[PDB]
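Here are two versions of the same chain, shown separately as structure tokens and labelled structure 1 and structure 2.
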Structure 1
């Protein structure tokens, strides 16, 4: 298939109260398709780092890979990790970019 980039971002959480990422995921009768960055919030660690983008797929947190768990379980892990101190390592597939919110109609 067409080449996709992956990046690993190490976040110093000392000066932040949040990653500042929303998470969206698709789950239906056909399976779970993984979890993605929905949007980013200025003021959080991920914005300050400046590499991750809406639409990127979150593959792994620290050494915990999500590709063989449910979206719900992946989110449980992310939840656990953000409530503990110290650096957070996020690895994303660069599936994102090019997204625009047009608002309500």
Structure 2
């Protein structure tokens, strides 16, 4: 179960955290950690927390280490976002934690 999703970054922030799991050397995985209502990801509805992040546009995350993922994610966010994930459901509705 893989889905590729184009994010609407005119109407909407992504509203997610991205987490690395035992992936310092790239032998782990990269996952959607959390999703918050109000962002582009929640708007689309198809991505879920714990889904495995496979690609963001031209960046292939599937076999990437944490640091290399961090490198490319800064270039992607501060410069459309198309995300591919493997499905593998908790969602933040509201928060006033600082």
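Positions refer to the first chain, counted from 1. Each form is matched to the other, and the largest set of C-alpha atoms that superpose within 1.5 Å is called the rigid core.
Large C-alpha shift between the two structures, rigid core held fixed: of 43, 50, 38, 31, this applies to 31 alone, with a displacement of 2 Å or more. We note a C-alpha movement of 1.7 Å at residue 64 between the two structures, with the rigid core held in register. The shift recorded for the CA atom of residue 10 between the two structures is 0.4 Å, with superposition on the rigid core.
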